[PDB]
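Residue numbers (the deposited numbering), protein chains in the order written: chain A, 696 to 745; chain A', 646 to 695. A prime marks a further copy of an entry chain.
All C-beta atoms in this analysis are idealised placements derived from N, C-alpha and C, irrespective of residue type, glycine included.
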Amino acid sequence: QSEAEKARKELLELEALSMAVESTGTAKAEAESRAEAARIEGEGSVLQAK
Amino acid sequence: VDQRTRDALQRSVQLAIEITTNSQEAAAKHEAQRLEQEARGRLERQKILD
Numbered sequence: 696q697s698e699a700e701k702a703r704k705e706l707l708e709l710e711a712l713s714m715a716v717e718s719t720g721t722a723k724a725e726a727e728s729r730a731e732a733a734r735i736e737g738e739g740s741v742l743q744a745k
Numbered sequence: 646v647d648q649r650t651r652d653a654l655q656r657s658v659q660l661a662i663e664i665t666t667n668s669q670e671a672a673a674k675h676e677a678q679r680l681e682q683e684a685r686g687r688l689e690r691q692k693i694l695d
């Protein structure tokens, strides 16, 4: 069981890296989509105001 | 001189034979259990690595 835990430590490190990658990817994708939509809406608002 | 003493000694020697056979069986069982535990541990570590 000690040897199994020795391997499980590295396995958990890899799992943590994968989880961080997935979470940051999802968050950045949603944030960038919303930001692009807001920028387009703002430019349209400027033109409509003119 | 008496036959009953001979019968009792025959029963004693048969019990000694049974004792020897039981000892050998117990030793075989213990060795099998040890090997099974070693194989199980190696398999679990390999699963962790995979």
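Taking 7 Å as the cut-off, decide whether the C-beta atoms of residue i and residue j are in contact.
i	j	result
A'/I693	A/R703	yes
Provide the residue span of the alpha helix (DSSP H) that contains residue i, from first to last.
i	result
A'/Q678	648-694
A/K704	697-744
With a cut-off of 8 Å on the beta carbons, I'd call residue i and residue j a contact; round off their distance for me.
i	j	result
A'/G686	A/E705	Rounded, the Cβ-Cβ distance is 17 Å, inconsistent with contact.
Members of the region 696-722 of chain A near chain A', C-beta cut-off 7 Å: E698, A699, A702, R703, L706
Contact list for the region 684-695 of chain A' against chain A, Cβ threshold 8 Å: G686, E689, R690, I693, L694
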